[PDB]
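Here the structure comes first, spelled out in structure tokens, and everything after it is commentary.
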Amino acid sequence: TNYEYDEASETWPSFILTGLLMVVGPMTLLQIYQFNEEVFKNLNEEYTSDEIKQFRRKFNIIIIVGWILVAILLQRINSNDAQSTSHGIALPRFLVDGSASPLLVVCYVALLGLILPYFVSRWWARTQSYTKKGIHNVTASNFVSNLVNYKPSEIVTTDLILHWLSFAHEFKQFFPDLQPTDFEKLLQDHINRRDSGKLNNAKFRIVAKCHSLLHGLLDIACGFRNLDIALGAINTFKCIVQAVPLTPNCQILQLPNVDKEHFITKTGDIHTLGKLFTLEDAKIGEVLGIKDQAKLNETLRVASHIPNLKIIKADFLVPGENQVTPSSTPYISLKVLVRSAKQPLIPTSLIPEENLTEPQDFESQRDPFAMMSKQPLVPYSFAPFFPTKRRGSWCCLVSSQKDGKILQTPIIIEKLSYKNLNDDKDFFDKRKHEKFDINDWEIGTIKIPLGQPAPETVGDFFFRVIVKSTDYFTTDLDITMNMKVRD
Amino acid sequence: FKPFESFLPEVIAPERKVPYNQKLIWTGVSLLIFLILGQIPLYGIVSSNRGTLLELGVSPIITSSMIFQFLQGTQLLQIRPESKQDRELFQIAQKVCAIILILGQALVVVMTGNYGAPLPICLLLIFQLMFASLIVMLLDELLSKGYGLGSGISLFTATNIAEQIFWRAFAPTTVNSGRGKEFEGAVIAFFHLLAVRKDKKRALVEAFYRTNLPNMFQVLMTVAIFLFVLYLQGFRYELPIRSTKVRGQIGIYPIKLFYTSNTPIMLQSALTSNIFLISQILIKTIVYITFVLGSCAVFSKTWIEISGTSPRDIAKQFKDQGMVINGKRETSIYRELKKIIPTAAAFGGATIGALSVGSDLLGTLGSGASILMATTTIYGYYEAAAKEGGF
Amino acid sequence: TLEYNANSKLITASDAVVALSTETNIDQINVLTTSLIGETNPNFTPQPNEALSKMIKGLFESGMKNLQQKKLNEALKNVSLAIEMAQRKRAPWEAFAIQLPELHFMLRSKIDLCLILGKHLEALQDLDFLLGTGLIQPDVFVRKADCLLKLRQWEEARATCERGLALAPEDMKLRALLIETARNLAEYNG
Amino acid sequence: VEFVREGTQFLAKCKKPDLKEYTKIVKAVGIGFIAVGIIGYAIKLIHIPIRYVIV
Amino acid sequence: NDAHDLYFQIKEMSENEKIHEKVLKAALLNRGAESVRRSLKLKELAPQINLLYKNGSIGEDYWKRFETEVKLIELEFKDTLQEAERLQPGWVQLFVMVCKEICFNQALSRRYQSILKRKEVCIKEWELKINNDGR
Amino acid sequence: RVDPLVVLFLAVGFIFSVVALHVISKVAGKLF
């Protein structure tokens, strides 16, 4: 016991004072510190549901506190007036040996010996339980099995995949009350926009998690090489998003307001936003059957602001060099554009191509993808029937024709630019060259690696690559290409 | 016995790639075990890491490691870099010799320390120390096994030194003589004086000119040199390499200033220790400063390749990797490397020597050596985190 | 579970909710036992009846004669009976050297005769099936693309004619189909 | 006479970090460092009286 | 996904209810065929699933289950061999030959029947409304 | 082969036993 413990009570408090004032300082200073053009954040409330609002919304001062303690203790110590070596500690002796000493020690030993191990154990179990993409191990297992034991004899259908998604074990956790046998029907009534029973909140949380669930399954089925399966997953994802069953005219059923059955009966030939814009402004709304200037304006605007793509210079690259070579690692390059069925058929000639081809700033020439990652994100989507506000999303995926089987992890792309759609440039219509900003049209560059490298042989080997738009039945893009090994 | 039979407690391998978050959490808990073991009293002591439950600390693993490093720098056992059983037997021998050290130095401390058997309770205490060291051993096993970040021992060293800095700076220990109580926590006494006495400017500048114990001036210089040396980190001489075997494979080879990684200071310290200690047991300013200059110069220009990264070494290695210099001539590598490597080496040495002597002059709160050791440790940790992708 | 026929010595399980593997194994063991009793020889042989095969081939020659009558519907009937009777009357261990060769013989005559006869959905199905079997051939892709466009849908036709195009871009029929689908999709959009 | 001049003409070609990058690197590493430090500091501190009382 | 239990059912039924020895012979063929087919599929899938494992979207538990499943199907296949040789002396030699033979034939027949479900799905979604005549 | 969780568990059990034995011997000397 070579140490004193200052029962004199005129030593410590200054300690805790500073030992916590230096804690509070940074909080104080850090607090007192004090690009794209979205369209639908203001609007989507025009077509949400009140229950959706309710659900999405129903599912810094300790600074000042400490400063008050500063004042208290300052005034306290000031009111207090006040060979030779000493081993002096701060804390008052009564805490050392007083009757509260058993209390303190058992408190400490409880704290470490139980709070820590219990907490870290819980934490580690719950982490280890997941996968590396947010999905739970049992769900992963089930999808993997469900797929492998799936004889490809059957053909995929939105109903089938939803049946698979019945087995969301995380769901079964959060809803121990009911059965995936029901969850299927719930999904169905939902996807038909029709109301469920008492379980509106339920289905809301359901679709909320269904997003990530579907992404995970897309991943593992793709890595498992069943294109049809992956493509069906993406279709069904668009379906869950826009709350519509997959139908060969749903290109127009993704609209905010349509005369569903009436319009079906009246017209069925029209499956293109172009065909929509093709006819007359008064006439298109006449066909629709809403007869309101406000509603027609809303619909024209929103349909003007759903994207579309079109290939421009889709080919391969290899960094540094410029010629494909045997046993190499190329990567897909395609600098494409965004349209909305309003500015069609821009000649590749009518770009100088100087603004297009990649520069050669060396490190960039080694590290690709920087120039694209410079671009902004994609704005929010519109889906009424999805609970939250969600950005867009693009999937790109690759397909060798020797088998038709996918041949990598599918790649998400969500860094883009839609400014080529704003009404500032609306003057270009479908009804040629008059006061147009030739160098305001961005050129959306997409650069997609290839996991498995080039072959060792030589030839003109053929691929098919496809970019599918999530959240939108718009003009997704499907192309082939090939590659000539030269050596 | 080059092979042997496995009747030891071994650690499970990381089943898969383990992500940044969990790695960090593992480091957290492992360091916590380390610290709590470092600040727990023992059972058998009646008199005055000193005298702690881990007084010995990590000496067993430290030895085993450097022992085998020296013995394979001589290349005694003729290790073959082809199998898995090779590294298997490697670590096997490491742990077994470790265990023997445990038992040995254990009974040593029992006899040496004036404890005295009065009698089996001493066996109980020797068990306790054995198991403590064994725990630390398998703990570093898991850390550098993949769950951690690598060299939990260098981690621990970084702790002890940084912890030491903050303890000296903020600790609530006080002595009293003449002017009342004085805490050795730098900021502690600082704000104490700030509160209790008048003549605000006089008290400030006076504790500033604290002729006796660590100053506000001291800690300010400490954080200064700290952020400055961190700034010196980076400074990486890049160079464009281009593959030749697997075409298209591009890359950047960086050459960090501290290519040697502080080893010069370890060496110059070792030599001065051998000199002055044994000398006194059995202005010159310019002398000592130019001395550290020359010492780091030479120790770089030797450690460079006695490590095994020479111009010729790295050049043959590049032939193994089939990697041309991008933008220059194929065999021009060796000439360019002969140019670059030793220059940057001796310059890093001179810089670190300058930093060390500036530290010792300013009297900053800790050993410049320790400072740079910990900073390079955690900086490498960052670099792993970044080159992979970190949250 | 089983409620089976011992008179004809035919096994069957209950008649209620049933899983796939159930009926699979039922019909399998059924046809296997019919095989054993049609063999009446403990030592079998992976060789089939050349006599039965020749009766099937005579039925096929009769179908070719029925085509010779310039009668396509009855020809389709005869050759469909050929498909079925061959799918049934050969054991699961007969001549691999003739099973799928004769299979594709049948199926190609079937697809061509049915294409010309007019029906095309079942034709599409035969093509998808044979593709699954793996008989990638220019003519196969010609038939599939003709059928798909005749069924008025574009994306999948583009994809499948691409997959066909990945082997022989040197011909011109498939490229003509490509110009067809090109103008067709351009009009689809516009 | 030659060594320092030539070596600095070299050193000017080593692409040091810049303001933003330095902020990144400090915000990472110095924070981790203060973290581990204060861990050890506080734990030994609070262990002082534990050490006293357990005995 | 199993029928080994179904063959246990039929063998413990044949224990007392005697239908015909050839019926149990046929069911034995069936179980051996599914055995060798699952063996084949797991063998070819091994690298793909191992790759999924390495990329790490599965965890650890399913990988454990799969390795044990391989060990099982191995030893159970050996047990099918031993039970076949116990049954008859000369029905292992050409037996596994005709086992893979029947395997390919049954896969063929399965897919050949799948066309029904296929056309059902297609007509359901596209609402083509095919005629009794070419349409 | 021991899992890291098990590592921690055994280590903390050890040190818990140690400190318990320390204070309980303090008691066995003072109040017992």
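Every residue number used here counts from 1 along the chain in the order it is shown.
Per deposition record, electron microscopy, 4.4 Å.
Here the Cβ of each residue, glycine as well, is placed from N, Cα and C on the backbone.
Residues annotated as domain 'SEC63' in Swiss-Prot: A:109-413.
Among the features that Swiss-Prot reports, region '2 X 11 AA repeats' is placed at A:342-384. Listed by sequence, the residues of this chain that lie at least six past the ends of the region '2 X 11 AA repeats' (A:342-384) yet keep a Cβ under 8 A from its Cβ atoms are 35-41, 43-44, 47-49, 52, 241-243, 256, 274, 277, 302, 304, 306, 312-313, 317, 319-320, 331, 333, 335, 390-394, 414-418, 420, 425-426, 428-430, 438-439, 441-447, 471-472.
Annotated repeat '1' per Swiss-Prot: A:342-352, in sequence order.
Residues annotated as repeat '2' in Swiss-Prot: A:374-384.
If you look up Swiss-Prot, you'll see A:60-75 (among others) marked as transmembrane segment.
Per Swiss-Prot, transmembrane segment is recorded for A:102-120 (among others), and the stated evidence type is sequence analysis. Same-chain residues lying 6 or more positions outside the transmembrane segment (A:102-120) and placing a CB less than 8 Å from one of its CB atoms are 95.
Flanking an unmodelled stretch of 17 residues, A:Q34 and A:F35 have Cα atoms 21 Å from one another. Unbuilt region (6 residues) between A:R431 and A:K432. Cα separation across the gap: 9 Å. Note that 14 residues are not built between A:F59 and A:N60; their Cα atoms stand 23 Å apart. With 86 residues left out of the model between A:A82 and A:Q83, the distance spanned by their C-alpha atoms equals 21 Å. The repeat '1' (A:342-352): residue composition by secondary structure is 3 helix, 0 strand, 8 coil, according to DSSP.
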